[PDB]
Amino acid sequence: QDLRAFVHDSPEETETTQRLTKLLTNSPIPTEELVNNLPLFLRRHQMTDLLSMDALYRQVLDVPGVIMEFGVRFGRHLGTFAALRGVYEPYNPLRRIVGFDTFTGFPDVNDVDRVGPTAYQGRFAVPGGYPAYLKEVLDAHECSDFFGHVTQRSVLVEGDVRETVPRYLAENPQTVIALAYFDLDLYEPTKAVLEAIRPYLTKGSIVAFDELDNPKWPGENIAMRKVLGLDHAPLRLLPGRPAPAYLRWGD
Amino acid sequence: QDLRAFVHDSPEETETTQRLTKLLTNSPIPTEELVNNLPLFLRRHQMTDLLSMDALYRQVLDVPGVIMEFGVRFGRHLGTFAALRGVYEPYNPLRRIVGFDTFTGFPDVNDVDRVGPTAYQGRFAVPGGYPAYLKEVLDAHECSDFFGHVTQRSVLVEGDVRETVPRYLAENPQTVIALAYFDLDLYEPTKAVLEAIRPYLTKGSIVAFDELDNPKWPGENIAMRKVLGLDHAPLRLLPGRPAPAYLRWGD
Amino acid sequence: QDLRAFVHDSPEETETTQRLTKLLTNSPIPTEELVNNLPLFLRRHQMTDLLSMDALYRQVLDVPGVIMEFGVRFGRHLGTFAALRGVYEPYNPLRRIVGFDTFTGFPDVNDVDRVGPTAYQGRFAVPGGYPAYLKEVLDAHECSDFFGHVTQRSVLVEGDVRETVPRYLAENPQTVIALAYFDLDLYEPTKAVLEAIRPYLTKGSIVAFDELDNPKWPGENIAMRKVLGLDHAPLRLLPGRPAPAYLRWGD
Amino acid sequence: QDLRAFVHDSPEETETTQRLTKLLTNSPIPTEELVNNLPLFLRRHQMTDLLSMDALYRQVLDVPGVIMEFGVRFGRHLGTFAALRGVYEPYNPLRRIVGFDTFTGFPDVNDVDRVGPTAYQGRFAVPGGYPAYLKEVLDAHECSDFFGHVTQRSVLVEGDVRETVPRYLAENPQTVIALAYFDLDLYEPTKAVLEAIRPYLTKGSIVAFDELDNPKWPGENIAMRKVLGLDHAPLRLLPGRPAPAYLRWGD
Amino acid sequence: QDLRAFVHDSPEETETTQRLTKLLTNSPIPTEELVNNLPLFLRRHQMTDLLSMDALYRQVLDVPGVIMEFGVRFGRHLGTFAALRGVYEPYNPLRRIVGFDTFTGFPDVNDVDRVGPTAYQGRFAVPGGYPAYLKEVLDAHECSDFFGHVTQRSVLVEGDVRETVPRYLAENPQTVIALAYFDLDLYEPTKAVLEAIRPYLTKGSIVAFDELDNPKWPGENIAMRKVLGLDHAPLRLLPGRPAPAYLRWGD
Amino acid sequence: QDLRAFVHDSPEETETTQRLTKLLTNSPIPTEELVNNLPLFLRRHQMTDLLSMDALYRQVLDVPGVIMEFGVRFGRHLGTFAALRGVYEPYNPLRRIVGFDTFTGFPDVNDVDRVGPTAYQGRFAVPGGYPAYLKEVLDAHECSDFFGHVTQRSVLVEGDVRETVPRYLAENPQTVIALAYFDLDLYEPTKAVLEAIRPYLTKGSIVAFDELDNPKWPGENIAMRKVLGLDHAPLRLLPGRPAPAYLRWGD
Amino acid sequence: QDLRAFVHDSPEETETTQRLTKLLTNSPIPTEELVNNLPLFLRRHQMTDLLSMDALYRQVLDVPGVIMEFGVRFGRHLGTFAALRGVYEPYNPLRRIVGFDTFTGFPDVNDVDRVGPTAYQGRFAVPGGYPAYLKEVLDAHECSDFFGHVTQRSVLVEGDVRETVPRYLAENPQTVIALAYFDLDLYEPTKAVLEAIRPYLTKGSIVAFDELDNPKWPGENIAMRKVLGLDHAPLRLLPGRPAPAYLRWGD
């Protein structure tokens, strides 16, 4: 296998990324103004991810239910949703944001996922004790929400989605899922979650995938073709971006 | 169970409510002008409910049939509908408003309902002889409707909806249901009412829930997933408001 | 001489008002729940007013600036605006609501105003100390706004608008007027104020009149025709309602 | 029972109707000008019926086939369609108007039809010889049609629709039905006619009902639910009018 | 001088009119059912007139102000408007209907008016005391209006419009004109009224002419060209009908 | 059976037709300019047919495939199509126009076709040698088409469609049918051709009938009801015209 | 000067025209059926001219007034208009069709018209006595109009437009011009008529030119630029066709 056939950063993207890291970490901005100037360090690729999440969220503002992410890593998307929920929904204490991850990286891989060299147990592990920090970040956002006095509006569920997702659902019979964001990369957990969330979607719910047509991670495609079929609903892109691919339930 | 995980009033929301109550009861406004200045005392949260009811009503203006509320309490919504019916349909004597309730609170609760501390029989009980008072309120509105001379345009049906709803439908084979507003909280009566009203709905009829995705009251969701499925039709919010969740039958 | 040629309440309308008044003041609803059930006592005519204000507010949600009402009486419209502002603009602390009145009724009437038997000095006077009460009412609402910590978001200006409006404007050079609601009834103050607010309107600003084509109060029409002409912009009704008459500046 | 729960004329509506009747029959208008000033005597309620037939007619101008009314009485609607056909379709000699009736009133009633005190044999009977008069009225209209030389564009079919409708259809195999207006009030004949006309409807054909949700006449509702179901197509009102309820075949 | 170049009735139109006149005045329909069956006698030409007036009325439903007709004769249009005001605006007691006429025919004529042989003083005169009968007819309609207790909602002003229209305006300074219907036929009075009404129109008000391009009555055209110019606004027809021609002020 | 109940020419339509014919054959127009002034001799009824053909054709400009007429006679529609194909599709040599006919009138007739007097064998026959002449007419048109070097873009298929249509289809397996125009009048061949063309239609293809609801030729209706059902797709008129009736395949 | 740089018939276009002429004059079609089969002989170029006239007429269906063609020749467009008026406006006897021509060719050419070899006096002359034949053709159409009893609905005005157009307008003060079709080719008359018709156009009136940007006839352009300017209104093509160029008055 030629590693260059997989999507990877150009020398230029790496340099931009490194330079911005340096300028953030060695900034002459007074410390208490840094969080007021973050777009200085938010480059095209990452800006694009933010704008995509906003696009997805704007499509479920008239749909009841919660937002769910499978595959959280450091929580980039969860931070986005928490901010976006403040922007769009000050008066919606029921828009719960729920993140699922082992927080210890890939639990185990299936043969179908072994395409490139990063398909191994432990990949994307974040540091020990990470969830408590991420929760602390989320709580910092919620502190100034109109419904900040209501708790469990952000929830991190730690462990294998194959177990945690059905358990979460059993414990929350009130669930409707407005937006389901799949970023697991792996075939087995994707398939299992797709199956479990099905009774809690309504027509109009968004199902989104981070890696559906990526050669390095065919698992999500394989899972989709198995549980539903690629033409079960219309899979769409936000024009100009390879990801996410997303569908509107019932369409 | 942490009670703060359930939606509850902020201290400032309580304060607003309490101050407005006091300013309503101790007012330099002549008593004869109070009903000409009610918005002085109608805070955001309740104004929102009024706007929501108006929004749902406007969606059934071209749909034949009647308006039904399952779960009335003091009758806030019934009064709204009566006023709105005047605004929109002076020439429609067949737009009957029917409110079902025990008027003695929750008759009995199912296991699935006991998530929180208010899940007891008698909860939301209104005083003795309340239905007659509400009838007087409704009559007072209708007294100046264009079709005020026609009776039973507002009907209060006392008792368990498990029997009163099939009984009302039986006594009224002419029924078409334009708007079904569900506020029963409990699994059992919701399921029963859903099943009973189904043959009286047309494509375009609105079925609306007050608590579809509230952790405190999962019985409406459980009932929905049992009788119909969350994706039977597109469930929707009016953007910015946790509730009602509503669907357009047949969509 | 024929007073029936002026709009007045039918016997039934009078009946509705008195009855609902009686039912409000002698309600079995626990006193602390009354402000949660105000629609019971909100009749068609008043509901219509509320819906109209909402319709006007919605037309300026993408227009910067403040809301001004000229002629407040007990503050029916100010309460409405204050609640709607919570509904629509939790994050807009610049949307100031400004009500102008003598609060002692008509200060001095012109001959053109003297069409009916109620065009007298001091007509619509409210009790001494009223502005402080109304301010308490508005403070009560603002208590639980997202930006409740910011003061002077509701301002009552007491005096003859012929002097107080130009003074307010001179004191607030940041002013842009999104919504100007005219409810003074009288020719001279309407003329004066129409002239003064003009440099503070943008294309898209709404100017509304409560009695533009009412035989009993021709002053607003007379003022309009003299200052701008009736075809300066398109004057509109919300269909089904004799009032308000409103125009979008620049259309 | 209490008859006042049934839709009935107000004292004022009765007054309007009697006054207009007297003003028509005892008028200073020259006799040859009466038919040029009919709207003087056409009150809101009957104007509404006319505007409704017009709205229904306009929806089938792009649909091939004939117009049928079941339940003609004096022929109010037949006169309307004959005029409207002139307005919109000078060049369509195939737009046949067919009216069915006993012209001797209700032939017999089912038990479900006996809610009110008018549900007996002979009800709504028209005098002997009436059909021949009604044909005179129709012929009079057609005399000035562009296709006035083509006979049988208006047809009165006398008898019980249970027999006459299928008979008419068998004798007319070219039939397409663009508009079917149901005004029989009773259950069994509505049911029979519904089942009969089905093979002659196209998608877009209008099926309309005068009494679908009237408590006094539940037969049409019962028939509809028995034959098709209330959610077979979207049943609709023209906004602000209790009747007719109509559907677009295939929607 | 060919009279067949003027629009006149065909033999068939004449026959239809005569027959319907006979069938109306010699009807076997019970006297109390006549005004429930008037469309039996309303032929194409007149039905067309009715639908045209309805079309114009619908275009001013969101325009404040009154309806004026200049040239009333027997009042066909006034009756139409009275019914239509009921259909569309039960809650607008300010929609005054004002009809201007000598009620004794053409007061005098101009030479430009003398194209055909019906341009003589007294043409279209109605019997003595006619305004009292027409007022009785209008009062009959209003008797059952929601705002029936408000008087002078219909006004017949007798005299030459050249003086009566400016006098009406001077006495009613609250006037906005939503719909102005010119049916005077003659140049001079049309000219004078067009000039008088102008300060009372808003953008969106409708001005309609019954005979704008009629070779028999060039008066309205000459007047229009003199006062405004034919391209002052877009003059329009309702497709398929020679009259009325109308414009939306300001367009 | 009254023959006046079938559509037939009025005396005036006959007169117009006979006059135009005489004016054509006895024209002072120079012979070589006649084909530049044909609209002089094209009356309303025939102009309408042309506009209808153009309307149907415009609906299939984005649909692949050929144009078929069943029932050609002298070739009126084939000539229209040839010219229209020039107007809209100079660059489409695959838009073949195929006309089927015996060219000897009806080959037989069924009992259901025998409603009128002209339902006999050989009705609508054209002279011996006629197809060769018609072919000469079409070749003249194609001579100046952009793709006039490609042959068989117009094809006359002589014989009974019961045999020739399936034979044509077997010989042309590339066939898609964009527009199928039925003008056979008769039950049996309509039925046969309807079944045969089905596999060659796409969603969007237009099926059109010239006689669908004509009492004199109920065969096409009988065929439709038997093969597809009148509600298989929406049958449509071009407003104002009794015919064609046409449907969009798959709607 | 190269005459090839002017638009002219290709050999194939010439061949088509001559063949069709031959086939029309030696046709086996029974003489009485010729006028039922004209599209056989209507080639693309001529079909195109008909569809454009139809497109133009369709755009003035809601505009009052008459249709004028300046430059009639053999009357092709007038025939088209007569028939289209039948298709679209059976009920509009005021839609006068007025054609102006010398009927003896170009009266005299300006120097700016002498670009090609056909720019000479007498060019396009029609036989002596032609107008009576054309009128007889027009009368033939009108014979079967709904308003056929109204005369002068077609007018041929013989003479020089510089004199006849102003005379016609002076004699017809009721004139509104819905559609003005310029086909004079020459500068002087085009300028004169443009100036003359202006006071009779309304906003929406269509002004169309047959030779606006034709090198061989620059006279219409020169006149447009002198009288109004090319950017007075938006000049438009029906896409695909070099002519007509048309504008919508007031756009």
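Letters are used for the chains, namely A, B, C, D, E, F and G, taken in the order the chains are written, and counting of residues starts over at 1 for each.
One rule holds in what follows: a residue touches a chain if its C-beta (ideal position, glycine included) is under 8 Å from a C-beta of that chain, and two chains touch if they have at least 3 such contacts.
Just so we're on the same page, UniProt names per chain: A, B, C, D, E, F, G = CalS11.
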(request) Have a look at C-E, D-G or F-G and name the one that copies the A-B interface, over half of its contact pairs being the same. (result) C-E
(request) With contacts defined as at the top, give the pair, C-E or A-C, that has more of them. (result) C-E
(message) Centroid of chain B to centroid of chain F, CA atoms only: how many Å?
(response) 60
(request) Find the geometric centre of each of chain A and chain E from their Cα atoms only, then give the gap between the two centres in Å, rounded to an integer. (result) 68
(request) Go ahead and note the Å separation of the Cα centroids belonging to chain E and chain F. (result) 48
(request) Enumerate the residues of chain D that touch no fewer than two other chains. (result) 10, 48, 91
(message) Going by the contact rule set out above, which residues of chain D touch chain F in the complex?
(response) 61-66, 88-89, 91-95, 147, 149-152, 172-176, 199-205, 249-250
(request) Enumerate the contact residues on chain A facing chain C in the complex. (result) 90-91, 146
(message) Please output the residues of chain E touching chain G within their complex, sorted ascending.
(response) 2, 4-8, 10-11, 48, 112, 212-215, 217-218, 221-222, 225, 229-231, 233-243, 245, 251
(request) Can you check the complex and tell me which residues of chain D touch chain E? (result) 10, 12-13, 15-21, 23-25, 27-29, 31-44, 46-48, 50-51, 54, 74-80, 83-84, 86-87, 127, 129-130, 133-134, 136-137, 140-141, 143-144, 148
